[PDB]
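**Student:** Quick one: the structure is below, and I'll ask about it shortly.
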């Protein structure tokens with residue numbers, strides 16, 4: 383859960399992570424992102 | 383049944399659950424979602440549902456304006472008038 | 481000359520029972536007069552005004568759940584701009600107390616409600632048919648409270664401290680005469696407005712209905 | 578009665594407007610088995626304006642509740658209502674004489690006005706199906 | 481002078520059975 387981190391920014395982080403090499416859930420209310428994807 | 387969790391949010395939880403790997416029923420009146428789908432997906436969605444079923448957060452904002460104005464004005468007119476000798480400033 | 485209730489007896493010495524009577528008609532006038540030897544008038548003219556107005560109004564509205572219902576107790580302040588070439592701004596708007604509520608009922612007898620709570624009121628300049636500043640105190644917001652529960656949706660305290668002093672400097676300087684030559688006007692007018700709210704679920708009756 | 582506004586604006590707009598400041602009930606009842614109704618009801622009281630009768634800028638009176646509520650047929654609820662509590666105080670006083678204990682009353686002018694009006698709307702729906710089914 | 485029903489007899493001392524009657528009509 384990120385109150386201080388923008389959800390879009392976290393999404394961009396994962397998108398770049400994908401560029402390195413994959414399920415994403417975004418919670419607007421808590422601004423909490425739950426991602427089920429490789430551990431690394 | 384989620385009074386505090388938005389139905390769309392729960393739907394998004396299930397959609398991501400599908401992304402992981413499937414019958415959905417949405418009740419607007421009670422905001423209750425009944426899903427007939429694999430147990431594991433159902434449980435995962437339920438846990439997220441629990442997170443979602445959170446009360447909207449109110450905050451009381453008190454911003455106060457303080458204005459202080461102090462004013463001093465002095466004007467002096469100094470006046471010497473005599474017409475007998477026609478001297479007047 | 482004084483200022484708060486300005487007086488300078490020399491100017492109307494250019495102009519006692521009649522002139523001073525009217526001159527001193529004002530609320531607070533303390534007259535010292537000599538006329539017999541000389542007419543020398545010395546007055547301390549002071550006014551203190553106190554006004555308190557408190558209005559407490561509570562409207563109760565029965566609303567479906569997640570639906571809007573509205574109570575409006577007012578009158579509809581218009582603006583009639585009848586502009587011949589195609590615009591007839593026969594505008595109106597009701598300066599009414601009102602509650603426009605869209606309650607969402609959550610299990611523990613609570614509601615997150617989007618409520619418009621507005622108090623407005625017909626304008627002098629509108630009644631004047633001038634440029635009308637109508638009064639508006641309105642809060643628009645969605646908040647959560649339990650049904651049994653009252654919260655202050657909002658409120659404001661206005662603290663006014665005003666001071667105005669007018670003084671001939673030289674006489675004002677005099678310790679015994681400065682008060683007699685320093686004109687002080689101090690006004691503090693402070694109005695506070697607060698809005699409560701309590702929602703009582705009618706499902707307690709509506710489920711039984 | 579129908580409070581109009583006649584803006585007769587030569588170049589194409591004839592706002593021969595009118596609107597009836599009438600008591601009214603506009604009801605859309607839905608009947609549920611236990612002699613109950615969820616009804617969408619407009620309950621409006623409005624009234625001709627002085628400034629309108631004055632042909633000035635008309636603030637017509639409006640007390641209107643628009644809402645859908647459920648009650649049983651045998652049952653009356655308060656659709657809504659409001660109490661207005663007015664407390665007004667105005668005191669005007671020469672300070673020096675007002676200070677005087679025996680003369681301040683004689684030099685303190687008090688105007689206090691409390692005007693409080695409360696308005697409440699009930700409603701009870703009596704199903705005419707009790708007769709309409711038999712009719 | 482009063483205020484609620486303002487009165488200040490000096491001003492109309494500049495101006519009893521007739522003046523006060525009307526003045527006091529209120």
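Chains as they are written, first to last, in full-length UniProt numbering: chain W, 383 to 403, 413 to 431; chain C, 383 to 403, 413 to 480; chain H, 481 to 495, 519 to 712; chain D, 578 to 712; chain A, 481 to 495, 519 to 529. Using N, Cα and C, we set each Cβ at its ideal position, and we do this for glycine too.
1) Using three-state DSSP, classify residue 523 of chain H as helix, strand or coil.
2) What are the partner residues of residue 699 of chain H, as DSSP defines its beta bridges?
3) Using the C-alpha atoms, what's the distance from residue 550 of chain H back to residue 494 of chain A?
4) Can you tell which of W:386, W:417 and W:429 has its C-alpha closest to the C-alpha of residue 443 of chain C?
5) Can you give me the C-alpha to C-alpha distance between residue 597 of chain D and residue 623 of chain D, rounded to a whole angstrom?
6) Taking only beta-carbon atoms, is residue 491 of chain H less than 8 Å away from chain C?
7) Taking C-alpha atoms, which residue in H:626, H:653, H:570 and H:712 lies nearest to residue 603 of chain H?
8) Any idea what DSSP makes of residue 606 of chain H, helix, strand or coil?
9) What do you reckon, are the CB atoms on residue 648 of chain D and residue 712 of chain H nearer than 8 Å?
10) Against chain C, does residue 562 of chain H count as a neighbour if the rule is that its beta carbon must be under 8 Å from one of theirs?
11) Since I believe residue 707 of chain D is in contact with residue 573 of chain H (beta carbons under 8 Å), could you give me their beta-carbon distance rounded to a whole number of angstroms?
12) For chain H, find out if any of its Cβ atoms is closer than 8 Å to the Cβ of residue 673 of chain D; answer yes or no.
13) Under a CB-based cut-off of 8 Å, is residue 676 of chain D close to chain A?
14) Could you have a look at residue 397 of chain W and say whether DSSP puts it in helix, strand or coil?
15) Rounded to whole angstroms, what is the Cα-Cα separation between residue 671 of chain D and residue 484 of chain H?
16) In the DSSP assignment, the alpha helix (DSSP H) including residue 383 of chain C goes from what residue to what residue?
17) How about residue 543 of chain H and residue 533 of chain H: do their beta carbons lie closer than 8 Å?
18) Provide the residue span of the alpha helix (DSSP H) that contains residue 627 of chain H, from first to last.
19) I'd like to know if residue 534 of chain H contacts chain C, where contact means its C-beta is closer than 8 Å to some C-beta of that chain.
20) Would you mind reading off the limits of the alpha helix (DSSP H) that contains residue 431 of chain W?
21) Report the neighbours of residue 657 of chain D on chain H: residues whose CB is nearer than 7 Å to its CB, in chain order.
22) How about residue 595 of chain D: is its C-beta nearer than 8 Å to some C-beta of chain H?
23) Verify the CB distance criterion: does residue 607 of chain D have a CB-CB separation below 8 Å to chain H?
24) By the criterion of Cβ-Cβ separation under 7 Å, what are the contact partners of residue 686 of chain D in chain A?
25) Taking 8 Å as the CB-CB limit, is residue 392 of chain W close to chain C?
26) With the cut-off set at 8 Å, would you say residue 702 of chain D and residue 616 of chain D are in Cβ contact?
27) In terms of alpha-carbon separation, which member of H:688, H:606, H:679 and H:666 lies closest to residue 462 of chain C?
28) Evaluate residue 669 of chain D with the Cβ neighbour count: other Cβ atoms within 10 Å of its Cβ, from every protein chain shown; 16 or more gives buried, anything less gives exposed.
29) Name the DSSP bridge partner or partners of residue 421 of chain C?
30) Taking only beta-carbon positions, decide if residue 433 of chain C is within less than 8 Å of chain W.
31) Does residue 529 of chain H have its Cβ less than 8 Å from a Cβ in chain A?
32) I need the straight-line Cα distance from residue 447 of chain C to residue 386 of chain C, nearest angstrom please.
33) Quick one: is residue 702 of chain H near chain C, going by C-beta distance under 8 Å?
**Tutor:** Put simply:
1) helix
2) H:655
3) Near 23 Å, if we compare the C-alpha coordinates of residue 550 of chain H and residue 494 of chain A.
4) For the set W:386, W:417 and W:429, the Cα lying nearest the Cα of residue 443 of chain C is the one of W:417.
5) 8 Å
6) Closer than 8 Å: no.
7) H:570
8) strand
9) yes
10) no
11) Not quite, the Cβ-Cβ distance comes to about 32 Å (not below 8 Å), so this is no contact.
12) By this cut-off, residue 673 of chain D is an interface position.
13) no
14) helix
15) 12 Å
16) Taken as a continuous stretch (DSSP letters only), residue 383 of chain C belongs to no alpha helix (DSSP H), as it is neither H nor E.
17) No Cβ-Cβ contact shorter than 8 Å links residue 543 of chain H with residue 533 of chain H.
18) 627 to 630
19) Not one beta carbon of chain C lies nearer than 8 Å to the beta carbon of residue 534 of chain H.
20) Residue 431 of chain W -> no alpha helix (DSSP H), and no H or E assigned at all.
21) By Cβ distance, chain H contributes 562, 563, 564, 565 and 574.
22) no
23) no
24) 482, 483 and 484
25) no
26) yes
27) H:666
28) buried
29) Note: residue 421 of chain C sits in no beta bridge, so no partner.
30) no
31) yes
32) 7 Å
33) no
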